[PDB]
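Coming up is one lone chain in structure tokens, specifically the form deposited in one PDB entry.
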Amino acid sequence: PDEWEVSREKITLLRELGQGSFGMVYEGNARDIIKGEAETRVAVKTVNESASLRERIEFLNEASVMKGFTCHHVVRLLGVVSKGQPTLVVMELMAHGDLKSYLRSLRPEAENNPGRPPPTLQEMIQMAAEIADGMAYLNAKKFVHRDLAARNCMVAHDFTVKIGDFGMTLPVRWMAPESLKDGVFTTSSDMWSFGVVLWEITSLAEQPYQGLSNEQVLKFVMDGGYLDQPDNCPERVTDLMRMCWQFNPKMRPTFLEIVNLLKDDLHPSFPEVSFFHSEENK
């Protein structure tokens, strides 16, 4: 931990990035936080003033959990400021924000279209694999996410997609039938959500089950229903989605199996940074 402690003086806040459950998250710069570089672009989490003592404590404890993660496909903790107020949690910056928002900016009618076409089949597979790789890492770490969705995935400067955090410490449209029914959460229910993320990716982040109320989705899914394939969705992605949505959780694949299914169609750098190809998984 002390090894993680960073002096407040080294952090410079630049602008608001978004609201976290504990408080505002800002984009900033950190002086000499990573060996080899003078200054690193970073995301800085803070805890709102209206927070109770216990929440300020839980805020730090969460950072402490992340200290144990070293996966290229999960957003990394860079350091923390726990001495004095306000406390800060420095994470690697994901320059393109949450996946959902990123996907909607690539929509033809997007008032903020970055100027490129929607994601290619190749890019979608790369995203799937990266997301699956991060999930496999978390699962190997004994963590069941419970809230996997595009909003909870992030996009780096080089477009690498990573899982935001270790999970939710509600998401009806993303929950597996057994979770909706018995309220049970497993890595298998995380696979179901994973499928909805793929659906989100192919639909450029449309609202799942648009038209149905959370009341109807609840019954629909529990009766065995699932999402319709987006228009002109690539067959290969449709098959992955279908596997993820088998009513019987024992029938769905594992994240490791997802990665294995797509390993021969990824960017060359993948094996050098993936958990799947790392020695922590062999």
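Note that residue numbering begins at 1 and tracks the sequence as displayed. Only the largest set of C-alpha atoms that superpose within 1.5 Å between the two forms is called the rigid core.
The same protein has a further form, the form deposited in another entry, not shown here; the description that follows concerns it.
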item: Displaced residue between this form and the one not shown, judged on C-alpha after the rigid core is fitted, out of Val237, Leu227, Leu60, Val217 (threshold 2 Å or more); value: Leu60
item: Rigid core superposed: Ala51 CA moves 2 Å or more between this form and the one not shown; value: yes
item: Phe270 C-alpha relocation of at least 2 Å between this form and the one not shown, rigid core basis; value: no
item: Did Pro86 shift 2 Å or more between this form and the one not shown, C-alpha, core superposed; value: yes
item: Direction of Cα pair change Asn61-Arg146 in the other entry, magnitude 3 angstroms or more; value: closer
